[PDB]
Amino acid sequence: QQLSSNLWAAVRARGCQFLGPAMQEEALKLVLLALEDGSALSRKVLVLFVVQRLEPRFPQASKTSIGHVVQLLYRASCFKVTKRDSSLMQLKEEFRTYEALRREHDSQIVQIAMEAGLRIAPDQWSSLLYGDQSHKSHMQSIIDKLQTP
């Protein structure tokens with residue numbers, strides 16, 4: 001798809017990455033593993049935690065690519081950041097379950113598509129983000145919220 005290619009180019013243009021439906025899911029679940037309980041990790045340590053556990057099952061995982069995944073979450077305003085002179089990152093309380101964090105994640109990607117002027121329907125979103133046709137109403141719901149006049 002040209003559509004997919006333009007979307008991911010748009011995502012990369014903003015310092016972010018989507019690693020693919022299977023890999024991104026596991027990445028996000030590992031972010032949760034580290035931050036569920038409100039632990040406060042630097043970006044370095046968060047990336048390290050996730051790459052460490054992701055790479056065994058998805059060997060192409062890197063500090064660079066997972067940094068770009070975390071940046072996507074940062075851009076989605078998922079973190080409470082405590083600055084210091086090296087900042088520490090906490091998952092906002094409202095996003096400490098997978099479905100909630102994943103929803104904010106997807107929504108940020110839909111915002112990016114909107115910025116990039118890319119018109120994408122829910123069945124396409126379901127393919128792009130989940131690699132199935134079982135997430136249409138999830139994506140449609142995200143779209144509805146972003147399309148308030």
# chains A, B, ... in the order shown; residues from 1 in each chain; ligands from 1
call {"tool": "residues_around", "arguments": {"residues": "residue 124 of chain A", "least_positions_apart": "6", "cutoff": "12 Å", "atoms": "only C-alpha atoms", "output": "list in words"}}
result
residues 1, 3, 4, 7, 110, 118, 130, 131, 132, 133, 134, 135, 136, 137, 139 and 140 of chain A
call {"tool": "residues_around", "arguments": {"residues": "residue 109 of chain A", "least_positions_apart": "3", "cutoff": "9 Å", "atoms": "only C-alpha atoms", "output": "number ranges by chain"}}
result
A: 7, 11, 18, 72, 76, 104-106, 112-114
call {"tool": "residues_around", "arguments": {"residues": "residue 43 of chain A", "least_positions_apart": "2", "cutoff": "9 Å", "atoms": "only C-alpha atoms", "output": "list in words"}}
result
residues 41, 45, 46, 47, 48, 67, 70, 86, 87, 88 and 89 of chain A
call {"tool": "closest_residue", "arguments": {"among": "A:60, A:21, A:30, A:74", "to": "residue 127 of chain A", "atoms": "only C-alpha atoms"}}
result
A:21
call {"tool": "closest_residue", "arguments": {"among": "A:44, A:29, A:63, A:68", "to": "residue 13 of chain A", "atoms": "only C-alpha atoms"}}
result
A:68
call {"tool": "atom_distance", "arguments": {"atom1": "atom CA of residue 100 of chain A", "atom2": "atom CA of residue 84 of chain A"}}
result
27.9 Å
call {"tool": "select_by_dssp", "arguments": {"residues": "chain A", "states": "helix (DSSP H, G or I)", "output": "MDAnalysis selection string"}}
result
chainID A and resid 2:13 21:35 43:54 63:75 93:95 98:115 122:130 136:146
call {"tool": "closest_residue", "arguments": {"among": "A:90, A:147, A:6, A:141", "to": "residue 73 of chain A", "atoms": "only C-alpha atoms"}}
result
A:90
call {"tool": "closest_residue", "arguments": {"among": "A:57, A:75, A:103, A:83", "to": "residue 145 of chain A", "atoms": "only C-alpha atoms"}}
result
A:103
call {"tool": "closest_residue", "arguments": {"among": "A:56, A:38, A:122, A:20", "to": "residue 142 of chain A", "atoms": "only C-alpha atoms"}}
result
A:122
call {"tool": "closest_residue", "arguments": {"among": "A:40, A:50, A:91, A:143", "to": "residue 24 of chain A", "atoms": "only C-alpha atoms"}}
result
A:50
call {"tool": "atom_distance", "arguments": {"atom1": "atom CA of residue 37 of chain A", "atom2": "atom CA of residue 81 of chain A"}}
result
15.3 Å
